[PDB]
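Notes for the one structure printed next.
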Amino acid sequence: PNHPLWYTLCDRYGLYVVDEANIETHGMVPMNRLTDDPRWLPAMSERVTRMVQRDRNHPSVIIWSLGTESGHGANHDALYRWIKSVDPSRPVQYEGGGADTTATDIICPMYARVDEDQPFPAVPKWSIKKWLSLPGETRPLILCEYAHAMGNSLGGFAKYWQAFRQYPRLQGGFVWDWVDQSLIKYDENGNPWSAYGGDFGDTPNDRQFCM
Amino acid sequence: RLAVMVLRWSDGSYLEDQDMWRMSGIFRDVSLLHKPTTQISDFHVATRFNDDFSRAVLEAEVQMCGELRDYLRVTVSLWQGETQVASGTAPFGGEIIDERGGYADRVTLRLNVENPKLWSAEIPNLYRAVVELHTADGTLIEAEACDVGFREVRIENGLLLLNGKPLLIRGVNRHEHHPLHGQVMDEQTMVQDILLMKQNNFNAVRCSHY
Ligand SMILES: [Mg+2]
Ligand code: NA
Ligand code: NA
């Protein structure tokens with residue numbers, strides 16, 4: 001959840017908002033080790049329920065999100081249902097566990113390509129065009145992360161948009177991401193320079209991946 | 001002496017506007033058939049399965065014409081080569097259907113078949129079904145027959161399935177045509193067509209358009 005003033009500003013200028021619970025357990029092995037564990041349910045619930053209680057009156061918030069990159073646990077299913085019950089006014093989405101689990105109203109893959117399948121074991125990323133038409137699937141598809149803009153990037157961006165326009169059920173996506181996460185450091189003359197991971201003696205690190 | 005007057009054009013022509021040569025005459029076989037007074041007038045064969053296809057039930061509905069008598073019987077027998085695998089016999093008089101009763105001139109036979117050999121274009125396994133109309137005592141009146149292939153065709157979850165697996169149609173459209181004889185068909189030509197089709201990885205055909 002963002003600084004409270006952000007929602008105000010989005011109400012007034014006009015932007016659609018995905019409001020997301022503070023839940024990400026990426027580094028667990030496997031990814032759902034905590035979110036499938038009922039002993040971590042109360043801790044998780046407070047991060048979803050308190051977001052809904054604070055933010056439920058802003059018109060700019062149109063979709064609720066259960067977090068990100070935490071696999072798919074039974075805690076997600078319970079919390080998905082909690083939201084659908086106290087606030088029917090907004091769809092709920094969540095990406096973990098293959099983008100199309102029983103915990104999401106919207107097929108929300110990350111980095112799924114337009115025409116090319118990436119058939120990973122257990123959690124494949126199908127081409128988005130193919131994904132809509134998988135036997136028995138009916139939901140809309142909106143990428144929660146796509147077109148990773150790291151460095152000299154964004155090649156093939158046109159290809160997504162040609163598809164978004166041609167397919168009614170392909171309803172677009174959220175580019176990753178807005179602003180470089182670099183920090184300021186100074187030399188011996190007082191000149192500032194932009195820094196990434198590693199530049200503070202911080203280790204282990206992931207270098208330029210923060211930009 | 002037979003006399004047949006064949007009209008090129010009729011009200012039937014309005015429903016026969018296929019993209020093809022427009023011709024006329026007696027272009028398929030003529031024949032003469034002799035049936036008894038008490039006879040088999042129609043018959044239906046069905047095959048349905050359990051979930052893994054290890055058990056089948058063959059269901060055959062048979063209809064008769066002529067005078068109805070208690071001594072009359074039908075036997076449907078299922079053969080694989082020279083081995084009889086199943087058999088059923090019953091008197092006429094179907095299940096009750098409504099407030100007025102049932103078909104006294106009809107009978108349904110149900111035969112159980114364990115681990116049936118299934119029909120597909122990949123392996124066209126066939127059984128021979130023989131339908132006998134006869135007396136209780138076992139005196140034949142007449143017999144009809146057909147080839148039987150045990151297969152299920154259903155659509156589920158948006159997929160066309162054959163015996164539970166999703167099909168991939170390698171098909172072609174085929175009109176009935178010969179350059180010398182026009183629209184008359186013969187066995188030699190038909191067999192020639194089927195061999196070429198299968199030699200060229202086709203598995204399906206559409207009877208365009210009749
Ligand atoms: Mg036409
Ligand atoms: Na669209
Ligand atoms: Na990053």
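A note on names: the letters A, B, ... follow the listed sequences, proteins ahead of strands, and every chain is numbered from 1. For ligands, and for the atoms within them, numbers begin at 1 and follow the listed sequence.
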> Cation-pi between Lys159(A) and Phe164(A): NZ/CZ under 6.0 Å from ring centre and within 45° of the ring axis?
Replying inline: no
> Parallel, tilted or perpendicular: which describes the rings of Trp161(A) and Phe157(A), with under 30° parallel and over 60° perpendicular?
Replying inline: tilted
> Would you say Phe164(A) reaches the Na ion (ligand 2) with an N/O/S atom under 3.0 Å?
Replying inline: yes
> Are any N, O or S atoms from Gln171(A) nearer to the Na ion (ligand 2) than 3.0 Å?
Replying inline: no
>> If the cut-off is 3.0 Å, does any N/O/S atom of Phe209(A) fall short of it from the Na ion (ligand 3)?
In response: yes
>> Can you check the angle at the Na ion (ligand 2) formed by O of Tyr167(A) and O of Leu170(A)? Round it to the nearest 10°.
In response: 80°
> Does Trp79(B) CH2 have over 12 foreign heavy atoms under 6.0 Å away?
Replying inline: yes
>> Do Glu61(B) and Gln63(B) pair up side chain to side chain, a donor and an acceptor below 3.5 Å, judged on atom types alone?
In response: yes
> Got a sec: is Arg169(A) within less than 3.0 Å of the Na ion (ligand 2) via an N/O/S atom?
Replying inline: no
> What do you reckon, are the aromatic ring centroids of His175(B) and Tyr210(B) less than 6.0 Å apart?
Replying inline: yes
